[PDB]
Amino acid sequence: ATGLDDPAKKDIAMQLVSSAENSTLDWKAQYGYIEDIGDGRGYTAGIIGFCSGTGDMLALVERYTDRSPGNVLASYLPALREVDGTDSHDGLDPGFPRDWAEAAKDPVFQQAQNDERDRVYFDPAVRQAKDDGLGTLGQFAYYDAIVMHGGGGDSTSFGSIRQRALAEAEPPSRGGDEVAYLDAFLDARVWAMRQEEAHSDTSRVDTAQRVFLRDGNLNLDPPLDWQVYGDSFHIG
């Protein structure tokens, strides 16, 4: 019941991430979203942008189908298993986007999306932050990082960002000052964003996370006011 695991704080986290990914606090509006944006990942869909090309859409539909056999997306499993690793729409078109939108009306699919987001991103990020001895803000910083950068082994992954920060500063779990460590983590996060795109817009740190940190809002308590990409947001 503590930190970002508090239901109210958890939803604040989801809103904060949504402001950067969707330019709105309304993260749930994305349950039914589905498009191929031409990034090589095939169809990108749902609340975290599950992809047909990367395996996570497949894992999501498998889990939905375990809980709800013969649901509308179940017929697409052979195709999803086949196109995995590629941007191909073979076996998905023409009906997949329509059927995705229909499934998104099912609270069970919505819960499946929530649970996959939490299995891959939220639970690991919050658990690692708490182990490092960080408060709610720090827990949020880890979550936003893993959402954008993933939990892989690559040079700008969440794990790699964390390792960079630990080299510059000790975490509270090892006697370090929390503000100094969080400044190091945000530095590392910005370093990674710039590696992935040179002229990256780092506002989700610069005019949000760094601002909360400078305000000493270590427990991430409303009112929260921030900007991402120049749009202003407020949670009272």
Side-chain angles (χ1 to χ4, degrees), residues 12-27 29-30 33-57 85-87 117 120-122 124-125 128-129 132 134 137-169 179-215 217 220 224-235:
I12 287 170
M14 298 311 159
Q15 292 179 56
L16 282 160
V17 170
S18 190
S19 73
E21 304 295 336
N22 305 308
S23 292
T24 174
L25 302 178
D26 190 355
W27 63 269
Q30 298 293 300
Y33 172 81
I34 180 170
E35 284 193 312
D36 190 328
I37 71 175
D39 62 354
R41 296 177 174 90
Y43 278 114
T44 300
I47 58 179
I48 64 169
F50 303 95
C51 299
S52 57
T54 62
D56 62 349
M57 184 183 277
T86 77
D87 67 3
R117 169 198 69 200
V120 176
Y121 302 97
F122 188 85
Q128 184 62 270
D132 287 344
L134 304 172
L137 172 59
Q139 294 165 35
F140 171 71
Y142 280 22
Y143 180 58
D144 193 72
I146 200 176
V147 164
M148 165 173 172
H149 302 277
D154 53 288
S155 76
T156 55
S157 75
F158 163 67
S160 290
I161 290 166
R162 177 171 175 276
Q163 290 294 316
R164 192 167 178 96
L166 297 169
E168 178 192 325
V179 170
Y181 175 78
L182 290 183
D183 265 322
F185 187 86
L186 296 180
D187 286 355
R189 174 68 190 283
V190 165
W191 170 84
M193 294 183 69
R194 294 185 187 143
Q195 287 288 304
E196 304 188 343
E197 6 160 354
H199 307 270
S200 158
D201 186 311
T202 46
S203 60
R204 71 202 291 156
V205 173
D206 298 340
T207 56
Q209 294 168 44
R210 191 82 73 177
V211 181
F212 304 153
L213 189 58
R214 291 284 79 79
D215 288 347
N217 196 348
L220 201 64
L224 296 174
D225 296 283
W226 71 100
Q227 296 179 72
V228 209
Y229 324 122
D231 292 330
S232 295
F233 299 91
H234 172 85
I235 297 176

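Residue numbers count from 1 along this sequence. Only heavy atoms go into these numbers, but all of them, side chains included; no hydrogens, no water, no symmetry mates.
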Value rounded to 0.5 Å, distance of [atom1] in [X] from [atom2] in [Y]:
| X | Y | atom1 | atom2 | answer |
| --- | --- | --- | --- | --- |
| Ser155 | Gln163 | OG | CD | 13.5 Å |
| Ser19 | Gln227 | OG | CD | 11.0 Å |
| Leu224 | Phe212 | CG | CZ | 5.0 Å |
| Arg117 | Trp27 | CZ | CH2 | 4.5 Å |
| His149 | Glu196 | NE2 | CD | 5.0 Å |
| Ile47 | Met14 | CD1 | CE | 7.5 Å |

Show the nearest heavy-atom pair for residues [X] and [Y], with the distance to one decimal.
| X | Y | answer |
| --- | --- | --- |
| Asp201 | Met193 | O-CE, 3.5 Å |
| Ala169 | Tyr181 | O-CD1, 3.5 Å |
| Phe50 | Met57 | O-CE, 3.7 Å |
| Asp154 | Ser160 | O-OG, 2.8 Å |
| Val211 | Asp206 | CG2-O, 3.6 Å |
| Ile161 | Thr156 | CD1-O, 3.8 Å |

Next on the checklist: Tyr33 vs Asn22, test: side-chain contact (heavy atoms from CB on, under 4.5 Å). Steps then yes/no.
Outcome noted: CA-CA 11 Å; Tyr33 172 81; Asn22 305 308; over 6 Å; no
Any [X] side-chain heavy atom under 4.5 Å of [Y] side chain:
| X | Y | value |
| --- | --- | --- |
| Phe140 | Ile12 | no |
| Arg189 | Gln209 | yes |
| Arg210 | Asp187 | yes |
| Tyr229 | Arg204 | yes |
| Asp132 | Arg162 | yes |

Backbone of [Y] reached by a side-chain donor or acceptor of [X] within 3.5 Å:
| X | Y | answer |
| --- | --- | --- |
| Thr207 | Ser203 | yes |
| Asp56 | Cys51 | yes |
| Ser18 | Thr24 | yes |
| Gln139 | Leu134 | yes |

Checklist entry - Taking it one step at a time, do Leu220 and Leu16 satisfy side-chain contact (heavy atoms from CB on, under 4.5 Å)? => result CA-CA 11 Å; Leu220 201 64; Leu16 282 160; 4.1 Å; yes
Checklist entry - Among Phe158, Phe122, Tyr121, which residue meets the ring pair (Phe, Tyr, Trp, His ring centres under 6.0 Å) test with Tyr143? => result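 Going through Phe158, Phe122, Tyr121 one by one, the ring pair (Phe, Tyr, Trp, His ring centres under 6.0 Å) with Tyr143 is satisfied by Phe122 alone.
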Checklist entry - Step by step, would you call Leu213 with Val179 a side-chain contact (heavy atoms from CB on, under 4.5 Å)? => result CA-CA 7 Å; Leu213 189 58; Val179 170; 4.3 Å; yes
Next on the checklist: Regarding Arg214 and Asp183, does a basic nitrogen lie under 4.0 Å from an acidic carboxylate oxygen?
Outcome noted: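 Yes, this pair counts.
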Next on the checklist: Over 60° means perpendicular and under 30° means parallel, so tell me whether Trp226 and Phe233 are parallel, tilted or perpendicular.
Outcome noted: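 Answer is parallel, since the angle falls under 30°.
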Item to check | Any pair counted as side chain to side chain donor-acceptor pair (under 3.5 Å), so long as it reaches residues 40-53, sequence neighbours left out | outcome: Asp39-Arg41, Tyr43-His89, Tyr43-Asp93
Checklist entry - Going through the distances and angles, do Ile235 and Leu25 end up as a side-chain contact (heavy atoms from CB on, under 4.5 Å)? => result CA-CA 9 Å; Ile235 297 176; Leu25 302 178; 4.2 Å; yes
